[PDB]
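**Student:** I have a structure here, written as structure tokens, and I will follow up with some questions on it.
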Amino acid sequence: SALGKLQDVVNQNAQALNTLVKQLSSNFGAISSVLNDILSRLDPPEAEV
Amino acid sequence: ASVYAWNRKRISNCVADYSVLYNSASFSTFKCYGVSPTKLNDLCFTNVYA
Amino acid sequence: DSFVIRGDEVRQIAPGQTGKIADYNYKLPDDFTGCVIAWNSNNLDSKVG
């Protein structure tokens, strides 16, 4: 644990990237989190929503 | 069947042409909710029930 | 734009509708602005034969 100050910065940046990548898996109230599924399932008036 | 004893039929292992359902004018209401009616020929499904 | 249709087909003269005269007779855009006007004309556009 001698080099914890640099490893803390590296871990924080990697964890922020992992959280930002993980946030793509959330649908945020939509029917799906995948854009291709929405574009292949719905007409553009409701796929727009 | 009547609505208290509504009949449930499983649909599986088939290729379905929904364009004969869209292009027929015999249905007074043809309303789809989680999917567009015209995209039904482009998708694959399981657990289809009538 | 003036035309004569059925009584059940008046729901299809609208943006974002799926329907028959919407696809092959008269289509409205999704960004349509304006007013659709409909009134019964059984006394004028109908014959007993």
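Here's how to read the names in the structure tokens: chain A, B, ... by the order shown, residue numbers from 1 in each chain, ligand numbers from 1 in the order shown.
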With only C-alpha atoms as the counted atoms, please give the residues lying no more than 12 Å from residue 8 (chain B), apart from itself and same-chain residues fewer than 5 positions off, as a list in words.

**Tutor:**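 Here the qualifying residues turn out to be residues 1, 2, 3, 47, 48, 49 and 50 of chain B.
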
**Student:** Distance limit 12 Å, atoms considered: only C-alpha atoms. Which chain A residues sit that close to chain C? Return them as an MDAnalysis selection string.

**Tutor:** chainID A and resid 42:48

**Student:** Would you give me, as CSV, each residue of chain C having an atom within 10 Å of an atom of chain B, along with its shortest atom pair and that distance in Å to one decimal, using only C-alpha atoms and sorting by chain and residue number?

**Tutor:**
residue,atom,partner,partner_atom,distance
C:8,CA,B:28,CA,8.2
C:9,CA,B:28,CA,9.9
C:18,CA,B:37,CA,8.1
C:19,CA,B:22,CA,8.3
C:20,CA,B:23,CA,7.6

**Student:** How would the residues just chosen look if you wrote them out with C-alpha atoms as a tab-separated table (two decimals), in the first residue's frame?

**Tutor:**
chain	number	residue	atom	x	y	z
C	8	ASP	CA	-64.68	4.20	-39.73
C	9	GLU	CA	-61.77	5.47	-41.86
C	18	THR	CA	-51.48	2.83	-39.32
C	19	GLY	CA	-54.29	2.09	-41.74
C	20	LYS	CA	-55.35	1.47	-45.31

**Student:** Please identify all residues of chain B having at least one atom at most 12 Å from any atom of chain A, considering only C-alpha atoms, and return them as a list in words.

**Tutor:** residues 32, 33, 34, 35, 36, 37, 38, 39, 40, 41, 42, 43, 44 and 45 of chain B

**Student:** Could you pull out the strand (DSSP E) residues of chain B, going by DSSP on the backbone, and write them as a PyMOL selection string?

**Tutor:** chain B and resi 10-11+48-49

**Student:** Only C-alpha atoms, please: the residues just picked out, written as a CSV table (one decimal), in the first residue's frame.

**Tutor:**
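Contents of the output file selection-v8.csv:
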chain,number,residue,atom,x,y,z
B,10,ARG,CA,-49.7,-21.9,-28.3
B,11,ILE,CA,-48.0,-20.8,-31.6
B,48,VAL,CA,-46.6,-16.6,-29.2
B,49,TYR,CA,-50.1,-17.0,-27.8

**Student:** As a PyMOL selection string, please: the residues near residue 41 (chain C) (cut-off 9 Å, only C-alpha atoms, same-chain neighbours under 4 positions excluded).

**Tutor:** chain C and resi 4+45-46

**Student:** Can you spit out the residues from that selection as a CSV table (one decimal), in the first residue's frame, using N, CA, C and O atoms?

**Tutor:**
chain,number,residue,atom,x,y,z
C,4,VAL,N,-63.8,12.0,-50.0
C,4,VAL,CA,-64.9,11.3,-49.4
C,4,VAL,C,-64.4,9.9,-49.0
C,4,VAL,O,-63.9,9.2,-49.9
C,45,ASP,N,-74.0,12.1,-50.6
C,45,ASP,CA,-73.1,11.2,-51.3
C,45,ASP,C,-73.6,9.7,-51.2
C,45,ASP,O,-72.8,8.8,-51.1
C,46,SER,N,-74.9,9.5,-51.2
C,46,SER,CA,-75.4,8.1,-51.1
C,46,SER,C,-76.7,8.0,-52.0
C,46,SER,O,-77.4,9.0,-52.1

**Student:** Output as a ChimeraX atom specification all residues of chain A that backbone DSSP marks as helix (DSSP H, G or I).

**Tutor:** /A:4-25,35-41,44-47

**Student:** Applying 7 Å and only C-alpha atoms, which residues near region 22-29 of chain C remain after dropping the ones on its own chain fewer than 6 positions away? List them as a PDB file with N, CA and C atoms, in the first residue's frame.

**Tutor:**
ATOM      1  N   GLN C  12     -58.065   7.359 -39.622  1.00  0.00           N
ATOM      2  CA  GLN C  12     -56.823   7.188 -40.361  1.00  0.00           C
ATOM      3  C   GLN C  12     -56.317   8.473 -41.006  1.00  0.00           C
ATOM      4  N   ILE C  13     -57.115   9.538 -41.019  1.00  0.00           N
ATOM      5  CA  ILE C  13     -56.647  10.850 -41.512  1.00  0.00           C
ATOM      6  C   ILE C  13     -56.048  11.571 -40.311  1.00  0.00           C
ATOM      7  N   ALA C  14     -54.795  11.223 -40.004  1.00  0.00           N
ATOM      8  CA  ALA C  14     -54.077  11.724 -38.839  1.00  0.00           C
ATOM      9  C   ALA C  14     -52.589  11.410 -38.987  1.00  0.00           C
ATOM     10  N   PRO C  15     -51.706  12.213 -38.387  1.00  0.00           N
ATOM     11  CA  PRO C  15     -50.289  11.838 -38.331  1.00  0.00           C
ATOM     12  C   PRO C  15     -50.066  10.585 -37.499  1.00  0.00           C
TER      13      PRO C  15
END

**Student:** Mind pulling up the distance from CA of residue 35 (chain A) to CA of residue 14 (chain A)?

**Tutor:**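 Separation between CA of residue 14 (chain A) and CA of residue 35 (chain A): 25.4 Å.
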